[PDB]
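Undergrad: Protein chains in written order, with the authors' numbering: chain A, 34 to 288, 291 to 312, 317 to 350; chain D, 34 to 312, 316 to 350; chain C, 34 to 350; chain B, 34 to 350.
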Amino acid sequence: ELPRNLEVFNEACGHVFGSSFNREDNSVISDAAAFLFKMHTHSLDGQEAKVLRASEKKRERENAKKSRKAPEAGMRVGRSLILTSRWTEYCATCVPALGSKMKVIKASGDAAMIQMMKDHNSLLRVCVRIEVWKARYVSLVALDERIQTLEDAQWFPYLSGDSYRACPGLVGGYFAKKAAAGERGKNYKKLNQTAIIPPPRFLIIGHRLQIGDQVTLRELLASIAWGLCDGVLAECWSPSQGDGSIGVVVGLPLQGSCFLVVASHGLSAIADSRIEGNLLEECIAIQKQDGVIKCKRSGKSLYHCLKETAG
Amino acid sequence: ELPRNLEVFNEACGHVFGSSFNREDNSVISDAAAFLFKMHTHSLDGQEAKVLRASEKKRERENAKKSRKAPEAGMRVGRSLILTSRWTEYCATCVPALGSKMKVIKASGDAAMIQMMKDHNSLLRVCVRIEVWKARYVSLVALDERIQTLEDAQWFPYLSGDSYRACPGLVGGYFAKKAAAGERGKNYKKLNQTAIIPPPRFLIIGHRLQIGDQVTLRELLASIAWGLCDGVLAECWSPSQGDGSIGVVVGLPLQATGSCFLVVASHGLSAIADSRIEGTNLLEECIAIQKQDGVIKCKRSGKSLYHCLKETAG
Amino acid sequence: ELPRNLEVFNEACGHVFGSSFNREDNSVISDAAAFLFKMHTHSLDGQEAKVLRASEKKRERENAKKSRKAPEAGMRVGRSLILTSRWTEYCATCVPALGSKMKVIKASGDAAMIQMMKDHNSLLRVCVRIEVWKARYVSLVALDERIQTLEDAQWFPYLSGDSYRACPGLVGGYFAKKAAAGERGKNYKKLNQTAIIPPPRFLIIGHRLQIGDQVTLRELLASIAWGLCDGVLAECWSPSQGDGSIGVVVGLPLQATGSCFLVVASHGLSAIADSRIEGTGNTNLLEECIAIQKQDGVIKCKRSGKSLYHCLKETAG
Amino acid sequence: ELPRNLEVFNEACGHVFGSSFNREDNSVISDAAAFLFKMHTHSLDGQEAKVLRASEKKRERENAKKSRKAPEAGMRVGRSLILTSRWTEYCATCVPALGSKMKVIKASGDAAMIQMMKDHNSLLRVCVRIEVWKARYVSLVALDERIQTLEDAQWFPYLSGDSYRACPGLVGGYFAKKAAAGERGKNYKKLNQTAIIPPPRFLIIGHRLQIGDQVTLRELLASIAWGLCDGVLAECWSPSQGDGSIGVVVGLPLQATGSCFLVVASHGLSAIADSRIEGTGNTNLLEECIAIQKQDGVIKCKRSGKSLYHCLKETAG
RNA sequence: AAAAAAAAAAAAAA
RNA sequence: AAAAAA
RNA sequence: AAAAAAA
RNA sequence: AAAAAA
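(1) Have a look at D:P233 and D:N59 and give me their C-alpha separation to the nearest angstrom.
(2) Can you pull the chain D residues whose beta carbon is under 8 Å from the beta carbon of C:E252, in chain order?
(3) What does A:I180 touch in chain B if you count any residue whose Cβ is under 7 Å from its own?
(4) In this structure, does DSSP put C:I257 in helix, strand or coil?
(5) Based on DSSP bridge pairs, tell me the residues matched to A:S340.
(6) Among the residues of its own chain, which have a CB less than 6 Å from the CB of A:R94, if the five just before and after it don't count?
(7) Could one say the Cβ of D:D263 lies closer than 8 Å to chain A's Cβ atoms, at least one of them?
(8) Can you give me the C-alpha to C-alpha distance between C:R217 and B:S340, rounded to a whole angstrom?
(9) So D:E320 and A:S303 are supposed to be a Cβ contact under 8 Å. How far apart are they, rounded?
(10) Give me the Cα-Cα distance between D:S88 and D:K98, rounded to the nearest whole angstrom.
(11) So B:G206 packs on B:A228, CB below 8 Å; how close in whole Å?
(12) Closer than 7 Å by beta-carbon distance: list the chain A residues that pair up with B:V110, in chain order.
(13) Rounded to whole angstroms, what's the CA-CA distance from B:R162 to B:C200? Just pull it up for me.
(14) Cα-Cα, which of D:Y197, D:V265 and D:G350 is closest to D:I325?
(15) Using the beta-carbon of each residue, which ones in chain A are nearer than 8 Å to D:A67?
(16) Would you report the Cα separation of D:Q80 and D:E164, rounded to the nearest angstrom?
(17) Threshold first: 3 residues or longer. Then list the beta strand (DSSP E) segments lying entirely within the stretch 220 to 296 of chain D, N to C.
(18) Spell out the partners DSSP gives B:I115 in its beta bridges.
(19) What does B:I138 reach in chain A if we use C-beta pairs closer than 7 Å?
(20) With DSSP collapsed to three states, give me the class of B:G205.
(21) Anything in chain D within Cβ reach of C:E122, meaning under 8 Å, just list it in chain order.
(22) Looking only at its chain, what residues have a beta carbon closer than 6 Å to the beta carbon of D:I332, apart from the 5 residues adjacent to it on each side?
(23) Please list the segments of the alpha helix (DSSP H) lying wholly inside the stretch 79 to 167 of chain D, counting only runs of 4 or more residues, in order along the chain.
(24) State the beta-bridge partners of D:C322 as determined by DSSP.
(25) Does the beta-carbon of A:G107 have 16 or more other beta-carbons within 10 angstroms, so that it is buried, or is it exposed?
(26) So, is B:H343 buried or exposed, given that buried needs 16 or more other C-beta atoms within 10 angstroms?
(27) Relative to the C-alpha of C:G338, which candidate in D:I305, D:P231, D:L35 and D:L318 has its C-alpha closest?
(28) Which residues of chain A have a Cβ atom closer than 7 Å to the Cβ of D:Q288, listed in chain order?
(29) Tell me B:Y191's beta-bridge partners as DSSP assigns them.
(30) Our contact map puts C:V49 next to C:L69 with C-beta atoms below 8 Å; I'd like the distance itself, whole angstroms only.
(31) Would you mind giving the Cβ-Cβ distance between B:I257 and B:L285, rounded to the nearest angstrom? I have them listed as a contact below 8 Å.
(32) The alpha helix (DSSP H) with D:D58 in it runs from where to where?
(33) If the cut is a Cβ gap below 9 Å, which residues of chain B does A:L176 touch?
(34) Please look up how many angstroms separate the CB atoms of C:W188 and C:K210, rounded, as I've assumed it's under 8 Å.
(35) In chain A, what lies closer than 8 Å to B:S308 by C-beta?
(36) Is it buried or exposed for D:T182, if we count other Cβ within 10 angstroms and need 16 for buried?
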């Protein structure tokens with residue numbers, strides 16, 4: 034009784050990976066989602082070439098990709114995913130032809146094509162969400178060389194254009210920078226570096242992250258934050274008996292209003308009214328089983344905190 | 034009985050919306066003004082395509098809009114506005130043709146066309162003023178995600194280039210930024226973010242906002258300010274007998290061009306962002325309010341209007 | 034025995050303004066230099082059109098200007114300057130033909146044209162200096178609205194393009210910004226906002242500003258600084274007996290030599306914005322002292338931390 | 034005896050400059066490599082004109098250059114370099130024709146032309162390395178005007194576009210800013226401002242800079258750092274017996290491995306620029322140490338917090 | 001040169 | 001969640 | 001100080 | 001207030 038969004042992803046993953054797809058390992062799920070995203074974006078070998086306005090170098094790249102032999106059954110995608118013989122049929126029948134537009138399919142009135150396009154959009158959104166979660170998980174232990182200043186970190190994650198398109202509000206990077214650093218329309222979404230993304234194992238089954246479900250410290254931190262976030266958020270996780278790298282969630286951080296006062300009527304602008312009158320003393324709000332609590336900030340990034348506490 | 038702008042706005046609104054147009058509802062007036070602005074800007078479905086210098090994407094969008102069926106009679110506008118069967122006649126008659134210019138009509142010498150063009154200009158100005166007021170009102174209890182720093186807030190509101198063209202002195206946005214960044218000639222008007230705009234229910238009637246008018250706190254604040262201004266402006270309002278929702282205006286803020294307080298580096302010295310703050317705590321600044329008895333000064337609260345409105349209601 | 038540069042300006046002003054041109058009032062000289070500069074840039078009515086690559090709107094503007102009737106004798110320029118009949122003759126005979134280039138005149142070899150072009154260049158430089166000084170003088174009591182941040186104030190004065198062309202070392206504005214926001218060649222000049230410019234009454238007669246020569250407070254301040262600069266420079270002037278708005282110069286600020294104190298990050302070290310202050314952490318900026326060259330010797334004066342504009346406004350009453 | 038790159042540079046320099054080319058003088062090699070770069074970028078008088086997309090002004094400049102007479106044999110280059118009569122032969126033979134591309138020659142299949150193009154690429158790389166090192170060596174005792182803020186100093190050195198193209202990993206300037214602001218592809222290289230460039234007299238010989246080499250202090254400092262680096266790097270030098278001017282290298286700094294010390298705002302918290310400096314508000318940034326690899330082993334030297342330009346002039350008094 | 005992330009080369013190159 | 005869309 | 005040289 | 005004008 035899962036939503037069509039997750040059912041489409043489950044069916045696609047099954048058809049493309051046979052029994053080798055394990056629905057309980059975050060790494061396997063993330064790799065499968067990335068492969069499906071690449072397949073549906075027309076980026077694999079042997080697929081159509083993006084030659085609408087491609088430059089000469091991009092022209093040659095796309096031509097080589099199209100001429101390159103497409104993947105074959107039995108290929109190892111990642112570590113524990115093996116392509117089956119049915120993957121070609123799924124790619125041919127479900128992936129929209131390059132350049133397909135929803136308006137054209139809707140005007141055509143073809144129910145099958147409309148449903149296929151809707152499923153494609155849902156799959157793209159789910160795969161992009163999984164990609165964002167995986168990037169957050171990776172960033173916990175290995176930071177990107179580009180992130181050397183607060184401005185650079187402001188646009189994390191750094192994903193591709195299609196990722197930004199499918200989920201504009203969760204994907205940072207160059208496209209989010211351009212959208213923010215440029216003219217913005219009514220349908221503009223602001224990047225949410227800490228939007229709660231359930232782990233892929235919970236995302237694909239419709240399970241919503243909450244208090245009382247077993248998870249890993251890295252898993253929860255990625256779900257609720259990324260590498261450079263404050264380490265105080267680690268208080269949201271509590272190890273179980275014997276540790277064993279598996280604990281439990283005890284709360285989730287809260288996030291909304293502003294306190295800006297624009298200079299008006301000869302007054303001087305204020306960045307924050309509360310400030311007028317303490318940075319290390321700032322506290323975060325955690326929603327516990329009993330009620331909201333305020334926890335003093337650690338002042339150390341989750342990356343540095345994990346590095347220090349590793350040994 | 035009314036100026037030309039108010040009279041033409043009332044005539045256009047009545048003709049377009051029948052009796053459904055409520056003249057005492059601010060939301061209805063704002064919706065009608067937005068619809069009229071869209072109509073006169075050829076932004077509605079089935080109107081002339083803007084293709085003079087349009088890029089391929091803009092050409093496609095305009096062609097799609099033109100091919101799309103125009104709004105049908107009886108269509109619901111906003112919440113409590115319904116189009117009449119005679120709106121198409123007014124759209125075809127009173128709307129200047131795309132690319133029309135005042136100089137061309139003046140050369141033509143047709144007095145009726147000159148009157149029509151002046152009416153169109155006045156209607157655009159009135160609609161843009163109403164749009165600015167409604168944007169301010171929305172900002173009071175609905176923060177704009179586009180604003181994250183004082184620089185972003187400096188250009189509020191963010192509206193289309195048509196709005197800036199009609200009322201450059203009241204509309205900010207990207208076009209205002211472009212105008213400010215370039216030179217500033219004699220015709221350039223600085224973006225008055227806190228210019229006094231009577232509420233739409235008063236603007237169309239022409240009753241200039243003044244002390245004693247029965248107005249809501251939110252609407253008065255929108256008229257005199259917007260979401261991200263100081264909460265001290267709330268002192269310009271006073272609930273009437275029995276509390277309720279409508280109070281009375283007790284004062285009007287004034288602004289006397291706060292002088293500069295900067296010192297550039299020279300002869301090896303170092304620049305100072307503010308001579309006073311050098312001496316970083318300063319809440320002594322006061323705002324001048326013109327009350328019936330006289331002009332007084334109120335100490336700033338230093339707290340955002342949006343914050344204060346939600347906090348005091350808890 | 035004045036230099037040819039100032040002689041040319043004096044002759045031109047006389048020819049164009051008759052006896053109405055006073056060589057002792059600074060407002061009069063500012064207006065005269067502004068008009069003459071306009072005349073030698075073909076920006077007055079009835080002069081040639083700069084149609085080399087003009088846009089449609091600029092095309093219409095210049096066409097209307099060319100068609101527009103030229104100024105007539107007896108016109109009032111400013112407040113105390115009246116044009117004469119000889120102004121048309123001087124314009125025709127001394128104004129280079131629009132688009133004239135010094136290279137072409139030199140190649141042709143005509144001595145008269147070479148001298149005329151040299152005179153025009155000198156007159157342009159003189160009029161640009163006077164315009165810049167008047168910009169600084171007006172900036173003491175009425176700041177430009179464009180000045181709201183130090184970034185904006187870094188380019189003052191904001192003058193037209195030809196002004197920047199003639200005198201690059203004093204004129205700021207969009208053109209100075211563009212030259213800086215780019216690359217510098219072998220002949221790139223650095224904007225010196227506070228370069229000393231003799232007051233116009235002293236510039237047109239060759240008198241060099243020094244100590245012991247009567248001036249007005251605002252005159253000297255515009256000469257050595259402008260509206261936003263520090264108030265300490267006010268100490269360079271001392272009122273005379275009975276005040277009377279006329280005092281005397283007691284010193285001229287000594288401009289410090291360019292010496293950056295940055296230390297960029299390297300080898301894992303951390304960037305420093307200023308070597309001097311980072312060490313002890315004395316972030317206060319109210320101790321820095323300016324150098325004033327007095328009759329006796331160099332002295333250091335503590336800064337006041339308040340703008341000359343605000344200082345004059347407050348001390349006005 | 035030498036790799037291809039150094040061999041080709043040696044051959045070209047010898048051919049063009051005869052015996053006037055001294056192989057142990059840094060200024061001589063810098064001037065020679067700059068001239069050879071000019072020749073190989075068609076920036077000398079009497080070479081093809083760059084007009085592919087050149088703007089009207091650029092078209093005029095290039096046409097004037099082409100029309101201008103080319104340098105004549107025996108012309109003085111820099112200070113102690115003189116052209117021979119056989120430089121025209123080398124310029125005509127080994128210089129690729131304007132607009133040549135490696136793909137075109139590869140399609141041609143002429144082995145001689147492929148070798149000549151590879152030699153041209155290697156000579157561009159060598160000349161750009163020498164140009165960068167001389168930029169640093171100038172910066173030690175002559176501050177560049179363009180550098181006024183840490184943002185300005187982030188992009189040193191400021192060189193031409195061809196320099197950035199040939200060696201992107203050392204050369205800054207306008208093109209480095211352009212490439213950094215835009216998309217960062219796989220081939221994108223960051224500006225390693227303080228990369229080790231052996232001194233010219235070591236670079237052409239192929240002798241890698243290491244411990245024990247007899248190097249003047251200024252040249253070593255230009256090798257490892259530049260003008261606005263911290264003075265601590267001066268500890269890598271130790272004057273030899275009898276003081277003199279030539280000392281020896283005692284170590285070679287190491288680029289400290291990255292470890293992010295930032296905390297972005299989230300869940301209502303405030304972003305922190307530096308966790309360490311935060312502490313309890315104590316901003317004492319003088320504990321940072323630079324690694325130095327000595328013969329005995331790796332050590333750490335406490336920073337001095339002063340610019341190399343300042344330190345070099347201060348210690349000479 | 002810390003079963004799987006600097007230096008030099010070859011494919012790319014205002 | 002439905003709609004729209006390099 | 002000599003040379004060069006626009007929305 | 002008026003006159004210009006994507």
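Yeah, the Cβ is synthetic: ideal placement off N, Cα and C, and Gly gets one too.
TA: For this structure:
(1) 6 Å
(2) Ordered by position in chain D, no residue passes the 8 Å Cβ test against C:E252, which lies about 18 Å from the chain.
(3) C293
(4) helix
(5) A:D263
(6) none
(7) yes
(8) 24 Å
(9) Going by Cβ atoms, the distance from D:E320 to A:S303 rounds to 10 Å, so no, they are not a contact pair.
(10) 15 Å
(11) That pair is no contact at about 16 Å.
(12) Correct list: empty, because the minimum Cβ distance to chain A is about 39 Å.
(13) 7 Å
(14) D:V265
(15) The contacting residues do not exist; D:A67 stays about 12 Å from chain A at best.
(16) 22 Å
(17) 270 to 273, 276 to 282 and 285 to 287
(18) B:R109
(19) Those within 7 Å of B:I138 in chain A number zero; the least Cβ separation is about 18 Å.
(20) strand
(21) What C:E122 touches in chain D: nothing, since even the nearest Cβ is about 33 Å away.
(22) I325
(23) 89 to 100, 120 to 127 and 135 to 141
(24) D:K335
(25) exposed
(26) buried
(27) D:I305
(28) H300 and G301
(29) B:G205
(30) 7 Å
(31) 7 Å
(32) Careful: D:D58 lies outside any alpha helix (DSSP H) and carries neither H nor E.
(33) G291, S292 and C293
(34) 5 Å
(35) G338, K339, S340 and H343
(36) exposed
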